[PDB]
Amino acid sequence: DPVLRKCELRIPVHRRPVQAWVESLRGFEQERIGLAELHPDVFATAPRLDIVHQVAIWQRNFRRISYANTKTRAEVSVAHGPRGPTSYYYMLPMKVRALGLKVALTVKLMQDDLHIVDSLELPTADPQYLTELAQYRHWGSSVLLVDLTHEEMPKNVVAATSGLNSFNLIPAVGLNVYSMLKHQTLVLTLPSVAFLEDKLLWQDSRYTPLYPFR
Amino acid sequence: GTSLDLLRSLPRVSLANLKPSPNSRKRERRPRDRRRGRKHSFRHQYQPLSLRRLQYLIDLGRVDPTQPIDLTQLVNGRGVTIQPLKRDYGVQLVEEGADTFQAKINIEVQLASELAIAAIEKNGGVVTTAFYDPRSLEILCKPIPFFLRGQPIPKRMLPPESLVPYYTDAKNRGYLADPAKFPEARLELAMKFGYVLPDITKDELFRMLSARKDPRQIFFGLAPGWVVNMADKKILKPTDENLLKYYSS
Amino acid sequence: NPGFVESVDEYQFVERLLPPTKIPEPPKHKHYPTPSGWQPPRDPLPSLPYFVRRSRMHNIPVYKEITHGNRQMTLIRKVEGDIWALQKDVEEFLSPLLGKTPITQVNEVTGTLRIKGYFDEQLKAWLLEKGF
Amino acid sequence: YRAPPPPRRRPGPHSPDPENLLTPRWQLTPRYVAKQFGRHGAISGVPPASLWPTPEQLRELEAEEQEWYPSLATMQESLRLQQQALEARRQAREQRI
Amino acid sequence: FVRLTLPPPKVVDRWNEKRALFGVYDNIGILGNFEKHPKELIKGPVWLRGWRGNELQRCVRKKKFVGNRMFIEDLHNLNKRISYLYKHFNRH
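Chains as they are written, first to last, in the authors' numbering: chain F, 45 to 121, 151 to 287; chain M, 9 to 47, 86 to 295; chain g, 35 to 166; chain q, 25 to 121; chain i, 33 to 124.
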């Protein structure tokens with residue numbers, strides 16, 4: 045029984061829908077169980093890698109704080154020495170960051186590095202099985218597993234991922250460009266894709282906020 | 009899009025592959041070497095709205111035609127930008143679109159142009175002017191914050207004596223205008239253009255279009271001195287007699 | 035003795051005051067063009083290799099721009115499909131009116147076309163002829 | 025590894041302890057109490073009657089209303105007097121010229 | 033002169049938890065319904081969390097934030113340093 049998914053939002057008529065193979069982790073050979081549709085405006089955006097480059101620099105540099113300090117001659121009881158704690162925090166426009174995330178999804182999908190799954194549930198909690206399954210499906214050395222919400226993530230998957238350094242388990246809200254690039258292949262649950270699509274699709278028709286979103 | 013066919017063939021991207029866009033970063037000069045070695087308030091700031099924009103708003107369905115035009119709804123529709131820090135004191139109308147804006151609807155604007163009033167009335171629309179205190183108007187634009195503060199609805203203020211003649215003027219169609227002159231005034235405006243005056247009473251929705259709040263009343267829906275149960279999505283009305291005396295005061 | 039009376043009937047007014055978060059799609063009109071002059075994209079859409087999508091506000095993505103204080107420019111943003119095909123047609127369309135081949139700069143990465151001078155009205159009318 | 029739980033803001037009313045010295049004064053003002061009521065309404069527990077002005081406040085409020093905010097009748101009187109003064113000025117100018 | 037001895041061999045793990053989990057929740061605002069702004073995730077000195085300024089601005093903001101908790105010796109030194117900084121930027 046194929047699992048058939050369609051985009052909840054209205055796809056443009058001039059753009060055909062994007063499709064990918066749905067997979068399951070229940071068994072080693074449960075590679076294909078359904079077919080899912082992906083919004084072209086999210087999964088078929090233009091390949092603008094400079095935005096991804098810009099986002100990565102912001103991600104690394106917005107948390108940067110330098111605490112180096114030295115005493116100058118006047119402060120002795151250095152001609153050009155470090156002067157107190159300095160921070161490099163800055164904010165990129167959130168539309169660009171949303172745009173950058175959209176581009177990243179296309180790259181992984183077009184490169185056959187993104188693996189759409191119905192659920193993360195695993196028959197066993199052994200970390201070996203997760204590594205074993207990745208080898209059978211020719212997944213990359215680093216695999217990222219994403220679930221809809223942190224609270225409901227299965228215990229078996231957590232145990233397998235917790236013991237694996239190169240296989241990291243993150244919630245949907247924790248997804249970021251850097252991890253996707255760092256991890257060779259991405260594993261996304263079907264609910265996570267819909268959750269990501271809603272926020273990314275919601276970015277359109279962005280009424281400038283007259284008051285804080287809260 | 010043949011570019012996608014290039015992407016599929018190309019190898020997987022990595023973190024190191026990232027490269028800044030051409031001309032994104034300019035060069036800089038460093039001192040390491042010889043290269044850098046050696047060496086009006088009183089006047090209300092009325093904010094206008096184009097009828098062509100009004101037609102654009104109406105034509106695009108940005109504002110519901112059935113609902114009477116409300117300044118708060120325009121703010122909700124992002125029609126105009128009002129900044130309290132700018133100390134905006136008024137809102138006005140524009141004669142633009144006089145020949146390309148054929149529509150009829152009820153509206154209220156702090157200031158209205160004499161020429162524009164007749165044109166919309168010629169179509170059958172209803173136009174009036176009300177005075178909102180600049181501090182009160184700011185509350186009107188953003189009702190939710192003062193609910194968060196817990197403040198109750200205050201009575202709407204009245205214009206200073208300088209602006210009383212304008213609002214009291216019948217031709218200006220202000221809420222302080224004498225209603226008795228309106229039937230005569232509307233005919234005079236109709237006579238000026240010469241168009242056949244369409245009686246508002248004939249309209250099926252006449253009562254809805256002609257509905258107007260009390261001068262003390264900030265909101266059509268809500269009377270002054272009221273409170274809102276925002277948490278329970280309900281409206282709370284004071285039951286204290288002294289509070290009624292306070293509102294009368 | 036509570037000093038307040040609570041009623042659910044009158045909350046309709048409060049609901050009306052709530053602000054919207056999404057741009058409403060244009061309403062269906064009996065007769066096009068609309069009295070203002072806006073007309074939605076022609077249906078059926080052209081089958082040309084290049085498709086021009088409308089802006090978020092459902093407007094033609096053409097903007098008049100001036101740079102350096104002396105160079106008038108017009109930019110098309112939402113170019114989809116074969117940009118080269120659009121450039122050829124734009125060059126062909128603008129060559130007679132301008133009297134010579136138009137001077138243009140193509141930013142393929144951004145999918146935008148830059149043209150010297152102000153010609154939005156003619157291009158906007160021409161785009162309507164294409165059915166975009 | 026497994027990512028840590030996402031950080032979450034604590035929801036619901038939070039009542040600062042009045043006795044504590046560290047707590048800022050502005051967080052203990054009635055305006056703060058009124059703010060708590062708006063955020064959570066009945067969950068805050070603020071008595072609705074307290075929100076309205078107290079009788080002593082009511083007397084104070086009326087004082088400013090009379091002192092600073094004149095009524096329509098008062099303005100109508102002022103307009104009549106000013107119009108009469110303007111009329112006299114116009115007559116004086118005409119006879120002078 | 034240069035070392036005549038070899039430095040100890042060093043191997044760095046790029047997949048440690050700190051590096052592996054670096055950047056997670058950087059999209060908290062957009063992915064968290066904007067309940068928490070990403071600036072709220074900044075860890076550092078109180079006077080410069082979510083804020084940036086020049087050296088003079090940073091010192092002045094530091095003085096205001098922790099002036100009541102600053103040492104007299106530190107406060108006196110900061111005032112003297114501020115005076116020199118103020119003259120240089122505002123007159124040269």
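Positions of the beta carbon are idealized from the N, C-alpha and C atoms, including for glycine.
Asked: Does chain F have any CB closer than 7 Å to the CB of i:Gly64?; Found: yes
Asked: M:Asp260 by DSSP, collapsed to three states: which one?; Found: coil
Asked: Roughly how many whole angstroms lie between the Cα atoms of M:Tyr135 and M:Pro261?; Found: 18 Å
Asked: According to the neighbour-count rule (16 or more other Cβ atoms, all chains shown, within 10 Å of its Cβ), is M:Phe239 buried or exposed?; Found: exposed
Asked: Report all residues from its chain with a CB closer than 8 Å to the CB of M:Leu289; omit the five preceding and five following residues, and keep chain order.; Found: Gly271
Asked: On the DSSP bridge assignment, give the partners of g:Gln106 in chain order.; Found: g:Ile100
Asked: Mind checking if F:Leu254 is an interface residue toward chain M, Cβ cutoff 7 Å exclusive?; Found: yes
Asked: With DSSP run on the structure shown, which of helix, strand or coil describes F:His188?; Found: strand
Asked: Using a C-beta cutoff of 7 Å, does q:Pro30 count as contacting chain g?; Found: no
Asked: Which class does F:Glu67 belong to by DSSP, given the choice of helix, strand or coil?; Found: strand
Asked: Any idea if M:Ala257 is buried or exposed, counting beta-carbon neighbours within 10 angstroms, 16 or more meaning buried?; Found: exposed
Asked: Among M:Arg124, M:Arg99 and M:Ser11, which has the Cα closest to the Cα of F:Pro91?; Found: M:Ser11
Asked: Tell whether a beta-carbon distance below 7 Å holds between F:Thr116 and F:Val151.; Found: yes
Asked: Does any residue of chain q have a CB that is nearer than 7 Å to the CB of M:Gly220?; Found: no
Asked: Out of curiosity, what's the CA-to-CA distance linking M:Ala144 and g:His92?; Found: 24 Å
Asked: Please name the residue, chosen from F:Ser235, F:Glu52, F:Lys168 and F:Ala88, that lies closest to g:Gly115 on a Cα-to-Cα basis.; Found: F:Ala88
Asked: By the DSSP assignment, the alpha helix (DSSP H) with M:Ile153 in it spans what residues?; Found: Segment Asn152 to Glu154 is the beta strand (DSSP E) holding M:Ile153; no alpha helix (DSSP H) there.
Asked: Comparing the C-beta of F:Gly157 with each C-beta of chain q, is any distance below 7 Å?; Found: no
Asked: If you follow the alpha helix (DSSP H) that F:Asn229 is in, where does it begin and where does it stop?; Found: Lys228 to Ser235
Asked: Does DSSP classify i:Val43 as helix, strand or coil?; Found: coil
Asked: Touch check for the stretch 43 to 51 of chain g and the stretch 94 to 101 of chain q: three-plus C-beta pairs under 8 Å?; Found: no
Asked: Which class does F:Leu218 belong to by DSSP, given the choice of helix, strand or coil?; Found: strand
Asked: If the cut is a Cβ gap below 7 Å, which residues of chain q does M:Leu289 touch?; Found: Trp76
Asked: State yes or no: is the C-beta of M:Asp179 within less than 7 Å of the C-beta of M:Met203?; Found: yes
Asked: Tell me whether the beta-carbon of M:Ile153 lies closer than 7 Å to the beta-carbon of M:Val173.; Found: yes
Asked: Please name the residue, chosen from M:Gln129, M:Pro189, M:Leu100 and M:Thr127, that lies closest to M:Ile115 on a Cα-to-Cα basis.; Found: M:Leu100
Asked: Would you report the Cα separation of q:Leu45 and q:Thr53, rounded to the nearest angstrom?; Found: 14 Å
Asked: Can you tell me which of the three DSSP states F:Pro244 falls into?; Found: strand
Asked: Just list the residues that DSSP pairs F:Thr159 with in beta bridges.; Found: F:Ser110
Asked: Considering just the uninterrupted stretch of the beta strand (DSSP E) at i:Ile60, what are its terminal residues?; Found: Segment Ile60 to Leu63 is the alpha helix (DSSP H) holding i:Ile60; no beta strand (DSSP E) there.
Asked: Report, in whole angstroms, the separation of the C-beta atoms of i:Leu107 and i:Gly99, which I expect to be a contact under 8 Å.; Found: 7 Å
Asked: Output the distance between the C-alpha atoms of i:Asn122 and i:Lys68, rounded to the nearest integer angstrom.; Found: 38 Å
Asked: For a cutoff of 7 Å on Cβ pairs, would you count g:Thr108 as touching chain F?; Found: no
Asked: Could you pull the start and end residues of the beta strand (DSSP E) that M:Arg35 belongs to?; Found: Here M:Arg35 belongs to no beta strand (DSSP E), and DSSP marks it neither H nor E.
Asked: Output the distance between the C-alpha atoms of F:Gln208 and F:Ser215, rounded to the nearest integer angstrom.; Found: 11 Å
Asked: Go through its chain and collect everything with a Cβ distance to M:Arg195's Cβ below 7 Å, but skip five positions before and after it.; Found: none
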